[PDB]
Amino acid sequence: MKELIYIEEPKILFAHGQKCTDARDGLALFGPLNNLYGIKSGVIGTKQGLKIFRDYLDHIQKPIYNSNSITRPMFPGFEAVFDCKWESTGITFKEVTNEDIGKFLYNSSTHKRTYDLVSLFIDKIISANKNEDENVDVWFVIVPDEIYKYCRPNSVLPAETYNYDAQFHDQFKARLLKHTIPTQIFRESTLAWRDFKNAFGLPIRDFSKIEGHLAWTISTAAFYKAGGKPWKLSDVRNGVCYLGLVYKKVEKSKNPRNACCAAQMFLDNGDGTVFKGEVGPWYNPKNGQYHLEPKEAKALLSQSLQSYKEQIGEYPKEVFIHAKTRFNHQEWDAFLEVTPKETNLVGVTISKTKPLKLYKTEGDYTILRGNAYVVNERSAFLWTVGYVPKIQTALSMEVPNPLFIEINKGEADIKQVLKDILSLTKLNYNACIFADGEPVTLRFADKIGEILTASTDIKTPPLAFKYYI
Amino acid sequence: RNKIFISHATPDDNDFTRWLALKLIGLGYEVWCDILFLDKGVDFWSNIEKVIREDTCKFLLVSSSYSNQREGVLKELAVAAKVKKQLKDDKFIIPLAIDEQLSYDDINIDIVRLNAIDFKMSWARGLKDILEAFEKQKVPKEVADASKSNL
Amino acid sequence: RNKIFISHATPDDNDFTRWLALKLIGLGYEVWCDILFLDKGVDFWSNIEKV
DNA sequence: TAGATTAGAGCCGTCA
Ligand SMILES: NC(=O)c1ccc[n+]([C@H]2O[C@H](COP(=O)([O-])OP(=O)(O)OC[C@@H]3O[C@H](n4cnc5c(N)ncnc54)[C@@H](O)[C@H]3O)[C@H](O)[C@H]2O)c1
Ligand SMILES: [Mg+2]
């Protein structure tokens, strides 16, 4: 008979200085934090893709319902939720004829055809950007199904361009970085899920009961990419800086040259929220190692400290590093040499590879969300996925797994670490969901890392998150 | 009066009714509806008729397929017409058209000569129309507070 | 009797009608139009005949 | 020969 503790919901902040624990309800009751005037869209694709996009835009100007409004809050229509206009008249079309696609998706070598198709789209996008008089807020790329189907790494059809990944999405995002063009890739079957079927007369993907959720997700993504602030955190304590770290393989290179990318977050002293990537991919030549050599650790921590000092005016009073791996002693000493006198440095480790499950003995519903077993003063199990009583369901299907949080380096309070980690699950702008299973300091760093690894020509990349998601 | 009455065909028009009630209450209008109270049974009719006849300034009817030829809604319309004649107010019932299947050729006699607000194309346009009509007709209101709707 | 009535077919001739009504209002006249001054929820044939 | 950490890919369910 051990003991469990409970951690309360973090709460998030919306228009008019009102707080709620749900993004859907908070946006459908008050509205976002800033005021876009409208979204002028730029669509690129075939004529059929343009027709499908126009259909979808006309669709989401009106209320959309889910089968269970309690489980999934409705969608009251785009312009009532967001107080800005995004309709099918500010659209601009740039054709990509099937003649262009046919001559390229036949090379039988995944690399070359991926390169050719990425070029076919991005050359038109850049031409439109540099030599036309419109002001396009976001670029929407309607990708036919065949283009996405076979451009995967390990999928077969039934040297100059070899310095690139074998993925359409990653290479597309990486090769547009120096132009700074917000983009949203759409599969053709997602926007029109009714007309893509199988040998049964039924949709491949059935969205009939979850249409409102899809509308929420797409609308929030589009709104964020055009420069909107949907929500912010509630009571982030001043003086604390968070910093994610994730390592990534490099693959097509003489050496694995493990790359490390970070994501920085703090409070801007205007009671705002600064959440931007602090990235220039630092490398490690040794194969299979996930530790930085002292020089890269020094440079990384110095860069993060300088970013904070410039954005605020004085150094952090507390810095937390969230990683998926443990830190060796040389790396931590490197970190400590370049850290100010009055700044506490704490390194944490979040892992999913640990078998521990808890079963409710009575019913058929899973454990609650805010629970946590505190093994020690330097370890604990935190449930971030579980039954949420506000929506009357669990975020998973089967018995969920907890996160294992360890204070590997430094000295802090495990209760504060757990509380902070739980409150970082509420800033997933790539999704419109109640909560996420991982802190976003560790999820957006990964997304940055997996984009600026599909190429090598990028130097001094942008930090804003809207060029990678 | 100070209150706005909403008549709808429970339980088919619940989504729109909840949406509209929450939006109006978040804008400073006091709304009386059969979904905002979890207690029923005693005086299931007296209270409703008393509220219509005593302290109701506006009567909003959710005109849809379910609400046409619905006994409770018809009785509500009868009481509303009586009160409207008593008050000598020409604009007291304001139908809301939310159903695409309900053609204007097949609406109730009690509301067939009245200018209805359209919601079929988009709900935000309908809300804008309702707010502009209320402002023009000087419907009493409170300073808009979304916290009421949140609570 | 100082209102200029405008009769048209709705919604096929809405662009020209709205243009003309806005122009005549700008010039200073009083204009009654099926798409800009009819009320919502009012007996419309009777009001039109009265106008 | 083991134990103990790490990162890639691929596939399937979301309602009733
Ligand atoms: N421009 C015109 O054609 C014009 C001008 C003046 C009057 N009218 C009358 O003739 C029209 C004939 O319309 P239709 O049947 O061909 O097409 P319709 O009813 O689908 O569209 C016509 C418009 O519908 C609205 N409407 C009709 N009945 C209404 C009601 N009970 N409550 C609220 N709005 C209502 C009005 O704005 C009307 O102009 C309307 O009955 C009335 O306005 C037409
Ligand atoms: Mg995205």
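Residues numbered from 1 in each chain as written, not as in the entry; some residues may be left out. Chains lettered and ligands numbered in written order. Part of a larger assembly, values for the part shown. Heavy atoms only, no water.

Structure determination for this PDB entry is given in the record as cryo-EM, at a resolution of 2.98 Å.

Chain B appears in the PDB entry as TIR domain-containing protein from Maribacter polysiphoniae. The title given for this PDB entry is "Tetramerized activation of MapSPARTA bound with NAD+".

As recorded in the PDB entry, chain A goes by the name Piwi domain-containing protein, listed as coming from Maribacter polysiphoniae.

Colleague: Tell me about the interface of chain A and chain B, and please be specific about residues and values.
Modeller: Each partner contributes residues to the interface: chain A has 14 residues there, and chain B has 14 residues. With both chains or domains summed, chain A and chain B bury close to 1,200 Å², and 58% of this area falls on carbon and sulfur atoms. The tally of links between chain A and chain B comes to one salt bridge. Between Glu79 of chain A and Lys128 of chain B there is a salt bridge, with the nearest N and O atoms lying 2.9 Å from each other. Here chain A is connected to chain B by three residue pairs in polar contact. Going through the elements one at a time, helix 1 (23–29) and helix 3 (78–82) of chain A are the ones with two or more residues in the side of chain A that touches chain B. Residue composition of the side of chain A that touches chain B, by class: eight nonpolar, three polar and three charged. (Contact = heavy atoms within 4.5 Å. Buried area = accessible area lost by both parts, 1.4 Å probe. Salt bridge = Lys/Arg side-chain N within 4 Å of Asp/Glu carboxyl O. Polar contact = N/O pair within 3.5 Å; in protein donor to acceptor, adjacent residues only side chain to side chain. Helix = DSSP H or I, 4+ residues; strand = E, 2+ residues; numbered from the N terminus. Nonpolar A, V, L, I, M, F, W, Y, C, P; charged D, E, K, R; others polar.)

Colleague: Tell me about the UniProt feature "binding site: Mg(2+) 1" (unreviewed entry) in chain A, residues and numbers included.
Modeller: Residue and element names in this part refer to chain A. Within this numbering scheme, the UniProt entry marks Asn430 as carrying the feature "binding site: Mg(2+) 1" (unreviewed entry). Along the chain, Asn430 falls in the loop between helix 12 (414–423) and helix 13 (444–451). Once residues within four sequence positions are removed from consideration, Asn430 is found in contact with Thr217, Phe444, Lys447 and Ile469. (UniProt positions renumbered as here; feature names shortened; annotations may be inferred.)

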